[PDB]
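Have a look at the structure below, then the notes.
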Amino acid sequence: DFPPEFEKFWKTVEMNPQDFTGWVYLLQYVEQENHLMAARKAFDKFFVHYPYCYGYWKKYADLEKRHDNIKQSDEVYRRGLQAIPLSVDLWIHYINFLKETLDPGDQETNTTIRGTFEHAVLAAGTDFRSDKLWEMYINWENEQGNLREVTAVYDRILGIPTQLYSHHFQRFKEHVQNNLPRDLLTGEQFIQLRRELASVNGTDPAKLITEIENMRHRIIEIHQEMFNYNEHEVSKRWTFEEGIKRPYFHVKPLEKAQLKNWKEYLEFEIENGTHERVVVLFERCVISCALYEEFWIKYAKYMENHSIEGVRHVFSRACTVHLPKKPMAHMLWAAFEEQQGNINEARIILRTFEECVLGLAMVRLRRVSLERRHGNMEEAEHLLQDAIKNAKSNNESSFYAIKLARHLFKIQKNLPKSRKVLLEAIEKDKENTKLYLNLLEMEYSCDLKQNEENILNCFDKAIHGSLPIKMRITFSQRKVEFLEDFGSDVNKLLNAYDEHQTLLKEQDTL
Amino acid sequence: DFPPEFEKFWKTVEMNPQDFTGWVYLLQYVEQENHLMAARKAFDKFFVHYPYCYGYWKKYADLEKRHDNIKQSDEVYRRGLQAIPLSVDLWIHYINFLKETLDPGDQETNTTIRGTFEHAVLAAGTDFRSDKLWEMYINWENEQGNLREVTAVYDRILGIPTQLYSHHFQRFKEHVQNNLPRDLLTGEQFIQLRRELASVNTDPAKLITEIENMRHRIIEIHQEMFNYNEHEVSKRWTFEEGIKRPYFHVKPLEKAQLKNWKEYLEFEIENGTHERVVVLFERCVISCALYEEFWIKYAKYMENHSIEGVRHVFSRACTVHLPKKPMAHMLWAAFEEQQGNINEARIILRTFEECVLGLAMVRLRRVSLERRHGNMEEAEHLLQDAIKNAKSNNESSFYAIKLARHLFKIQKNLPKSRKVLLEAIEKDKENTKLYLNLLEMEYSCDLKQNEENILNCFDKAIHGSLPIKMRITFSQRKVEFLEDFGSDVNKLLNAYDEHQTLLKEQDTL
């Protein structure tokens with residue numbers, strides 16, 4: 001059981017999965033109809049293709065909720081996060097979702113929420129726009145009253161840059177001001193502080209007030225230093241980060257200006273920031289502007305430098321998912337696979353690609369070139385055989401035949417078979433010069449003896465062709481140039497000049 | 001002692017011997033000054049270069065006469081005729097000259113005149129415009145009264161076509177009518193005729209009857225022969241009248257008349273006698289001597305008749321009329337080789353290059369000959385001197401490429417071809433053809449020693465510091481190569497990176 005027009009929309013994506021617009025139409029459709037299993041099939045396939053679009057994840061989950069089948073909605077949020085673990089907004093949606101649906105009667109709820117917030121920060125807290133997440137964490141651990149944890153959170157976050165670091169600092173200052181220092185720390189963290197005071201100095205209520213106020217100012221001094229440090233590290237990156245205008249993925253193409261922005265900012269962190277900080281920012285630059293292979297490629301280069309098979313994973317997410325058509329990505333990936341030693345996987349990369357996008361230059365060329373370099377020459381031949389077999393354009397099949405002839409003759413010798421291949425190609429085309437040029441270069445390459453007469457056969461068949469061409473006259477030129485350079489007996493040169501002049505005359509007649 | 005401005009005119013010819021106009025001016029000058037030795041030097045050299053102009057022969061001879069040095073004028077007429085023996089007008093001038101200056105008191109004069117007329121006809125009487133010559137002969141032997149010889153003359157000419165055949169026939173008819181048949185023939189020629197009369201079958205009326213019958217029978221004979229010759233005329237009338245300039249002149253001919261000469265030649269080739277052809281062919285050489293095509297077809301025809309006259313024609317072609325026009329010398333050296341006399345063809349080539357300061361076809365054919373006959377040292381040295389003297393950097397590059405091809409493919413020694421190519425590069429650096437030919441060479445060997453050698457060539461191409469699209473095309477072809485044949489992908493990828501880098505740097509500029 002399905003809604004009526006469903007098939008129609010689906011056929012569109014059945015046609016071209018990259019018709020994002022086709023999706024958008026299908027998804028508004030399935031919402032307005034509110035048929036579950038259809039929407040599930042849809043969203044599942046779509047999110048396989050375009051995961052980094054969180055808003056549709058949220059809408060998917062809100063649908064499953066609308067059908068009061070919550071455990072599915074939890075699976076949806078978790079799946080989306082499994083795909084994209086840096087959409088601050090998505091973690092926020094998951095957390096607010098848990099708040100909506102959890103039984104405080106159970107003790108474990110708060111435990112799950114704690115683990116969830118820790119997961120969220122450990123996955124995406126490093127984002128320069130992850131503030132409302134930290135603030136949510138803070139207010140959470142505050143209402144629970146567990147202000148020790150609140151202080152731990154503030155300690156963690158202030159060692160990280162954000163857009164609104166100053167807001168967090170003023171909140172921490174207010175938090176210290178309006179609460180009791182015994183509550184804040186872990187006894188030890190407290191007690192040592194007290195002892196430190198004593199080294200400077202060398203029951204009573206008012207004296208206790210003095211000590212508490214002094215504790216406050218000392219902690220303020222500590223965190224003010226740390227904040228100055230983080231603010232400097234921010235001001236380094238402020239211009240860059242503000243340069244971004246779209247930290248979220250979207251189909252619309254980016255201006256080259258922001259492309260330079262992402263690239264130069266990436267390079268900046270590469271030189272100075274932590275390797276961890278880099279990987280974070282790099283995955284971000286993958287989330288936005290995922291469409292552009294260039295960035296994934298520079299990512300692969302960086303992951304090369306760190307001597308990790310993550311490059312492997314990276315290429316998959318590039319080719320397997322976002323940009324399957326753009327070829328240079330798959331090319332570079334197969335190149336890396338070859339470089340390491342896992343091999344047949346590269347063959348399968350190529351077979352899958354060509355199976356998808358109907359054969360291309362770089363494709364068949366690289367496939368043959370690898371099967372060549374590793375010595376399974378039979379398959380290398382058969383690729384070009386099938387290529388000419390299935391080639392669509394006569395000039396295309398001619399090109400494939402030229403490449404086959406060159407490889408076969410220069411690599412596997414067997415010059416006669418290259419000749420026969422060329423002549424097959426001729427009978428197919430007859431009219432394209434490149435075939436004759438390659439055959440002549442070939443025969444000339446052999447000694448001027450076995451191919452002495454053969455070169456003349458080639459030249460004669462070129463010039464005596466069915467339809468006379470100005471190119472045939474160029475062939476007359478080159479036959480004469482040959483014979484004048486090297487000739488057995490002048491008689492041949494003289495009859496050749498006769499043919500040349502005769503062709504000049506007939507050319508002028510027509 | 002010489003006329004003043006002489007040197008100037010002479011330098012023009014000293015400069016450009018073919019400046020016909022320069023001659024014409026020089027000759028009006030030297031005449032108007034009337035200094036002998038100058039005119040002799042002039043006319044002699046000029047006629048060496050442009051003989052076929054008879055009018056200047058006549059003027060030369062008239063000058064020598066004007067200086068009352070007649071023996072020289074006879075030498076001049078004989079010189080011109082030995083050079084050109086089909087100018088009817090010139091023989092006519094020579095004969096009228098003899099009439100003007102000869103002492104009839106001597107008997108030998110008429111003998112010389114007789115021999116001269118016979119020579120004239122035997123050289124040029126066959127011309128379709130040789131009428132006034134025959135008529136002059138006739139009136140000559142008529143005033144002398146020896147009408148038997150006149151009858152012989154008429155017999156000869158009426159077996160030949162002319163523009164005015166009808167004029168000759170009516171003259172023959174009047175000649176028979178107004179003279180005595182006893183006188184006309186040699187008794188023998190007479191008696192046989194008489195005998196024929198009897199086979200059909202003193203008194204004055206009987207004698208008159210026989211004389212009139214003999215006359216009418218002779219007319220019958222010659223009328224038949226004349227009908228035959230008139231047919232042979234009407235075949236060639238349109239052709240011969242098609243000519244508008246039977247005399248040589250520098251001005252170039254319209255292509256229409258060129259076709260006329262061609263097909264008329266072809267006609268006589270098919271029907272006329274070989275001798276009858278050769279006469280007309282020499283005619284077609286006399287006018288339009290400038291056009292190598294006709295001399296060439298002449299040599300081709302003389303091929304069929306198996307005579308070294310071909311040789312003669314080529315000399316007269318190359319040595320004289322068109323020394324610069326190259327296809328003539330090319331074909332002549334080719335024919336010389338074709339016979340077996342060889343070094344003469346080499347000298348043909350050397351003379352040409354000495355004349356016109358070196359050209360492609362020249363060095364190409366010269367080297368190819370020295371090649372085919374095995375003096376490979378000279379074959380190298382030709383291209384060596386070619387590089388020595390080449391004017392344009394591209395010219396020396398081209399000659400060097402030809403040297404490399406010859407040296408490697410023919411004389412083996414691939415290393416010397418490599419070093420020669422690099423010499424050519426260091427000289428030029430910028431010419432693409434050099435790199436392409438070197439690449440084809442190295443590619444021809446196995447993909448191994450020239451794996452690295454090709455890498456050196458391609459590397460110099462790409463790193464050549466040439467801000468050119470061509471450097472990028474060379475990157476393209478290095479990539480195409482490596483994709484076609486590659487040791488390890490690392491090089492292909494580094495090449496792809498360099499290629500992209502150059503794409504970007506080019507786009508910046």
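Convention: chains lettered A, B, ... in structure tokens order; per-chain residue numbering from 1; ligands numbered from 1 as shown.
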
task: Taking only C-alpha atoms into account, report as a VMD selection string which residues of chain A lie within 10 Å of chain B.
output: chain A and resid 332 335 to 336 338 to 339 362 365 to 370 372 to 374 403 to 404 406 to 407 410 to 411 441 to 442 444 to 448 481 483 to 491 493 to 494

Written file, previous selection with C-alpha atoms, as a PDB file, in the first residue's frame:
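After the write, out09.pdb holds the following:
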ATOM      1  CA  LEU A 332      43.754   9.067  -7.612  1.00  0.00           C
ATOM      2  CA  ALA A 335      46.528   5.062  -7.809  1.00  0.00           C
ATOM      3  CA  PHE A 336      46.884   5.021  -4.007  1.00  0.00           C
ATOM      4  CA  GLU A 338      48.136   0.364  -6.337  1.00  0.00           C
ATOM      5  CA  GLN A 339      50.805   2.283  -4.411  1.00  0.00           C
ATOM      6  CA  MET A 362      41.276   8.081 -18.563  1.00  0.00           C
ATOM      7  CA  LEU A 365      43.629   3.928 -20.403  1.00  0.00           C
ATOM      8  CA  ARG A 366      44.403   3.531 -16.687  1.00  0.00           C
ATOM      9  CA  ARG A 367      42.773   0.092 -16.510  1.00  0.00           C
ATOM     10  CA  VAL A 368      44.904  -1.190 -19.396  1.00  0.00           C
ATOM     11  CA  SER A 369      47.994   0.612 -18.083  1.00  0.00           C
ATOM     12  CA  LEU A 370      47.841  -1.123 -14.706  1.00  0.00           C
ATOM     13  CA  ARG A 372      50.080  -3.902 -18.321  1.00  0.00           C
ATOM     14  CA  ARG A 373      52.499  -2.774 -15.603  1.00  0.00           C
ATOM     15  CA  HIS A 374      51.757  -5.870 -13.504  1.00  0.00           C
ATOM     16  CA  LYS A 403      46.479   2.589 -28.793  1.00  0.00           C
ATOM     17  CA  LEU A 404      46.173  -1.203 -29.122  1.00  0.00           C
ATOM     18  CA  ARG A 406      51.166   0.877 -30.347  1.00  0.00           C
ATOM     19  CA  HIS A 407      51.025  -1.232 -27.183  1.00  0.00           C
ATOM     20  CA  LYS A 410      56.162  -1.837 -28.906  1.00  0.00           C
ATOM     21  CA  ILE A 411      55.515  -4.049 -25.842  1.00  0.00           C
ATOM     22  CA  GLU A 441      55.749   5.719 -38.374  1.00  0.00           C
ATOM     23  CA  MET A 442      55.655   2.064 -37.310  1.00  0.00           C
ATOM     24  CA  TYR A 444      59.591   3.327 -40.898  1.00  0.00           C
ATOM     25  CA  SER A 445      60.703   2.386 -37.369  1.00  0.00           C
ATOM     26  CA  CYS A 446      61.655  -1.065 -38.660  1.00  0.00           C
ATOM     27  CA  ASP A 447      64.701  -1.426 -40.902  1.00  0.00           C
ATOM     28  CA  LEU A 448      64.462   0.062 -44.396  1.00  0.00           C
ATOM     29  CA  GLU A 481      60.344  13.415 -49.364  1.00  0.00           C
ATOM     30  CA  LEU A 483      62.205   8.619 -51.787  1.00  0.00           C
ATOM     31  CA  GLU A 484      64.311  11.754 -52.277  1.00  0.00           C
ATOM     32  CA  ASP A 485      65.881  11.084 -48.883  1.00  0.00           C
ATOM     33  CA  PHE A 486      66.379   7.377 -49.604  1.00  0.00           C
ATOM     34  CA  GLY A 487      65.832   5.720 -52.959  1.00  0.00           C
ATOM     35  CA  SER A 488      66.749   2.398 -54.518  1.00  0.00           C
ATOM     36  CA  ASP A 489      66.589   3.689 -58.111  1.00  0.00           C
ATOM     37  CA  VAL A 490      65.549   7.138 -59.322  1.00  0.00           C
ATOM     38  CA  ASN A 491      62.929   5.628 -61.675  1.00  0.00           C
ATOM     39  CA  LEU A 493      61.257   8.893 -57.619  1.00  0.00           C
ATOM     40  CA  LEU A 494      60.421  10.044 -61.153  1.00  0.00           C
TER      41      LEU A 494
END

- request: Skip segment 13-19 of chain B itself and residues of its chain fewer than 3 positions away, then list as a PyMOL selection string all residues within 12 Å of it, counting only C-alpha atoms.
  value: chain B and resi 6-10+22-27+42+45-50+250+290+320-324+355

message: I need the alpha helix (DSSP H) residues of segment 101-349 of chain B per DSSP on the backbone, written as a ChimeraX atom specification.
response: /B:108-120,131-143,147-157,165-177,181-184,187-200,204-242,255-270,274-286,292-304,309-315,326-339,343-349

task: Would you list the contacts of residue 278 of chain B as a PyMOL selection string, taking every protein, DNA or RNA residue within 9 Å and counting only C-alpha atoms, but skipping same-chain residues closer than 5 positions in sequence?
output: chain B and resi 273+283+298+302

Go ahead and save the residues from that selection, with N, CA, C and O atoms, as an mmCIF file, in the first residue's frame.
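Written output follows (selection39.cif):
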data_model
loop_
_atom_site.group_PDB
_atom_site.id
_atom_site.type_symbol
_atom_site.label_atom_id
_atom_site.label_comp_id
_atom_site.auth_asym_id
_atom_site.auth_seq_id
_atom_site.Cartn_x
_atom_site.Cartn_y
_atom_site.Cartn_z
ATOM 1 N N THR B 273 55.732 12.588 -89.951
ATOM 2 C CA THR B 273 56.950 11.804 -89.829
ATOM 3 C C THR B 273 57.738 12.255 -88.604
ATOM 4 O O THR B 273 57.572 13.369 -88.105
ATOM 5 N N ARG B 283 60.602 24.213 -83.796
ATOM 6 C CA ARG B 283 59.849 25.460 -83.922
ATOM 7 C C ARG B 283 59.208 25.853 -82.592
ATOM 8 O O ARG B 283 59.348 26.992 -82.130
ATOM 9 N N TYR B 298 59.695 17.713 -75.407
ATOM 10 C CA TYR B 298 60.638 17.436 -76.488
ATOM 11 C C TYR B 298 61.612 16.330 -76.107
ATOM 12 O O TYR B 298 61.831 15.385 -76.877
ATOM 13 N N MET B 302 61.967 12.633 -77.849
ATOM 14 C CA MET B 302 63.259 12.142 -78.316
ATOM 15 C C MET B 302 63.705 10.887 -77.571
ATOM 16 O O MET B 302 64.534 10.135 -78.095
#

field: All residues 10 Å or closer to segment 124-130 of chain A, only C-alpha atoms, same chain fewer than 4 positions away omitted, as an MDAnalysis selection string
entry: chainID A and resid 84:89 91:92 117:120 134:135 157 159:165 234 237:238 241 247 276:277 280:281 284

Would you write out those residues with C-alpha atoms, as an mmCIF file, in the first residue's frame?
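Result saved to out25.cif:
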data_model
loop_
_atom_site.group_PDB
_atom_site.id
_atom_site.type_symbol
_atom_site.label_atom_id
_atom_site.label_comp_id
_atom_site.auth_asym_id
_atom_site.auth_seq_id
_atom_site.Cartn_x
_atom_site.Cartn_y
_atom_site.Cartn_z
ATOM 1 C CA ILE A 84 27.501 13.259 10.294
ATOM 2 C CA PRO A 85 28.948 13.773 13.795
ATOM 3 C CA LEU A 86 29.660 17.489 13.473
ATOM 4 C CA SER A 87 26.178 18.965 12.988
ATOM 5 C CA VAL A 88 25.986 20.770 16.337
ATOM 6 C CA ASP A 89 22.343 21.399 15.475
ATOM 7 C CA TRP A 91 23.168 16.763 18.482
ATOM 8 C CA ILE A 92 21.065 19.572 19.970
ATOM 9 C CA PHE A 117 26.507 15.222 26.062
ATOM 10 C CA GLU A 118 30.024 13.809 26.470
ATOM 11 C CA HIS A 119 29.656 11.995 23.135
ATOM 12 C CA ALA A 120 28.416 15.191 21.447
ATOM 13 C CA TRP A 134 28.282 23.818 25.611
ATOM 14 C CA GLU A 135 25.793 26.317 27.061
ATOM 15 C CA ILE A 157 35.385 24.584 27.075
ATOM 16 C CA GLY A 159 40.533 25.532 26.486
ATOM 17 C CA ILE A 160 38.717 25.612 23.143
ATOM 18 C CA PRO A 161 37.967 28.497 20.747
ATOM 19 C CA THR A 162 34.449 29.503 19.767
ATOM 20 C CA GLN A 163 32.577 32.409 18.242
ATOM 21 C CA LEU A 164 31.224 33.411 21.673
ATOM 22 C CA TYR A 165 34.111 32.510 24.004
ATOM 23 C CA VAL A 234 40.759 32.864 18.500
ATOM 24 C CA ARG A 237 41.383 32.525 13.228
ATOM 25 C CA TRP A 238 38.623 35.134 13.504
ATOM 26 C CA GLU A 241 36.137 31.663 10.364
ATOM 27 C CA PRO A 247 29.197 26.035 7.475
ATOM 28 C CA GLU A 276 43.584 16.668 16.010
ATOM 29 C CA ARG A 277 42.503 20.268 15.396
ATOM 30 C CA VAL A 280 38.468 18.326 12.849
ATOM 31 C CA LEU A 281 38.657 21.373 10.561
ATOM 32 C CA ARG A 284 34.351 20.292 8.489
#

- request: May I have the residues within 12 Å of residue 67 of chain B as a ChimeraX atom specification, using only C-alpha atoms and disregarding those fewer than 3 positions away in the same chain?
  value: /B:31,34-37,39-40,60-64,70-73

Those residues with N, CA, C and O atoms, as an mmCIF file, in the first residue's frame please?
data_model
loop_
_atom_site.group_PDB
_atom_site.id
_atom_site.type_symbol
_atom_site.label_atom_id
_atom_site.label_comp_id
_atom_site.auth_asym_id
_atom_site.auth_seq_id
_atom_site.Cartn_x
_atom_site.Cartn_y
_atom_site.Cartn_z
ATOM 1 N N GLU B 31 74.782 50.919 -81.192
ATOM 2 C CA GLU B 31 74.528 51.329 -82.573
ATOM 3 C C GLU B 31 74.720 52.835 -82.729
ATOM 4 O O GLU B 31 75.570 53.288 -83.504
ATOM 5 N N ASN B 34 78.196 53.781 -82.678
ATOM 6 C CA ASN B 34 78.923 53.197 -83.806
ATOM 7 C C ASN B 34 80.409 53.033 -83.483
ATOM 8 O O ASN B 34 81.288 53.509 -84.205
ATOM 9 N N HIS B 35 80.683 52.351 -82.376
ATOM 10 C CA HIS B 35 82.020 51.880 -82.040
ATOM 11 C C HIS B 35 82.028 50.374 -82.247
ATOM 12 O O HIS B 35 81.166 49.665 -81.716
ATOM 13 N N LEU B 36 82.980 49.892 -83.040
ATOM 14 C CA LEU B 36 82.949 48.515 -83.515
ATOM 15 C C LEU B 36 83.171 47.514 -82.388
ATOM 16 O O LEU B 36 82.276 46.719 -82.079
ATOM 17 N N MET B 37 84.381 47.510 -81.816
ATOM 18 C CA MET B 37 84.782 46.435 -80.908
ATOM 19 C C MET B 37 83.785 46.274 -79.764
ATOM 20 O O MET B 37 83.502 45.149 -79.324
ATOM 21 N N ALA B 39 80.466 46.928 -79.911
ATOM 22 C CA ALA B 39 79.315 46.229 -80.466
ATOM 23 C C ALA B 39 79.602 44.748 -80.653
ATOM 24 O O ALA B 39 78.723 43.909 -80.441
ATOM 25 N N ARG B 40 80.820 44.405 -81.079
ATOM 26 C CA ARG B 40 81.148 42.995 -81.266
ATOM 27 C C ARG B 40 81.089 42.240 -79.944
ATOM 28 O O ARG B 40 80.416 41.207 -79.842
ATOM 29 N N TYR B 60 73.204 43.280 -86.480
ATOM 30 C CA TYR B 60 74.632 43.049 -86.258
ATOM 31 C C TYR B 60 75.381 42.967 -87.585
ATOM 32 O O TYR B 60 76.434 43.602 -87.782
ATOM 33 N N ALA B 61 74.859 42.152 -88.499
ATOM 34 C CA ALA B 61 75.492 41.977 -89.797
ATOM 35 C C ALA B 61 75.487 43.278 -90.589
ATOM 36 O O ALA B 61 76.471 43.610 -91.265
ATOM 37 N N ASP B 62 74.364 44.004 -90.564
ATOM 38 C CA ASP B 62 74.295 45.287 -91.251
ATOM 39 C C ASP B 62 75.307 46.270 -90.683
ATOM 40 O O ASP B 62 75.848 47.102 -91.417
ATOM 41 N N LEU B 63 75.593 46.175 -89.383
ATOM 42 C CA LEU B 63 76.640 47.003 -88.794
ATOM 43 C C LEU B 63 78.000 46.647 -89.374
ATOM 44 O O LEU B 63 78.763 47.526 -89.808
ATOM 45 N N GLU B 64 78.349 45.358 -89.325
ATOM 46 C CA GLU B 64 79.645 44.938 -89.851
ATOM 47 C C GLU B 64 79.801 45.350 -91.313
ATOM 48 O O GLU B 64 80.896 45.729 -91.746
ATOM 49 N N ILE B 70 83.212 43.021 -94.757
ATOM 50 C CA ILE B 70 82.124 42.161 -95.229
ATOM 51 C C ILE B 70 82.321 40.725 -94.755
ATOM 52 O O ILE B 70 81.367 40.058 -94.331
ATOM 53 N N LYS B 71 83.550 40.210 -94.889
ATOM 54 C CA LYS B 71 83.859 38.839 -94.488
ATOM 55 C C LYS B 71 83.298 38.552 -93.103
ATOM 56 O O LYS B 71 82.760 37.468 -92.839
ATOM 57 N N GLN B 72 83.411 39.538 -92.209
ATOM 58 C CA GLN B 72 82.810 39.449 -90.886
ATOM 59 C C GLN B 72 81.292 39.333 -90.961
ATOM 60 O O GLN B 72 80.688 38.608 -90.167
ATOM 61 N N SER B 73 80.645 40.077 -91.866
ATOM 62 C CA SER B 73 79.189 39.972 -91.975
ATOM 63 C C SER B 73 78.774 38.573 -92.417
ATOM 64 O O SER B 73 77.754 38.038 -91.956
#

- prompt: Can you tell me how far atom CA of residue 235 of chain B sits from atom CA of residue 155 of chain B, in Å to one decimal?
  reply: 21.3 Å

- line: In Å and to one decimal, atom CA of residue 185 of chain A is distant from atom CA of residue 98 of chain A by 28.6 Å
